[PDB]
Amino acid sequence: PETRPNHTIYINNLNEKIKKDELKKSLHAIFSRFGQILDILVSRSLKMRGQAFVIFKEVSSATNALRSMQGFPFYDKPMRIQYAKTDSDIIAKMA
């Protein structure tokens, strides 16, 4: 359902027909305005398809991105967003 605040947002219900490189770029296009993005992780494997991790440098960015883009129609599908359950390695490798 939902979890504790995090630098990283977990996005799913994404259109699975879209390729990894395009998907990453399109996600930057709509999410960059919430704050600096450290990385976007995408895989098309059987387990990880339809999903993305957007890693913000500051948690407040993640928070605003989550509230604002919940259900945003993206490649004809309503985007579902939550905080990631765990910190991404890029975040742990800092603080």
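The numbering used is simple: start at 1 and walk along the sequence shown.
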- Looking only at CA atoms, which has the higher mean B factor in the entry: 68-76 or 6-14? 68-76
- Chain-relative CA temperature factor third for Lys19: lowest
- Thinking about Cα B factors across the chain, which third does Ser45 belong to? middle
- Query: Going by what the PDB entry lists, where does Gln51 fall on CA B-factor within its chain: lowest, middle or highest third?
  - Reply: lowest
- Quick tally, chain-level thirds of C-alpha B-factors: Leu27 sits in the lowest
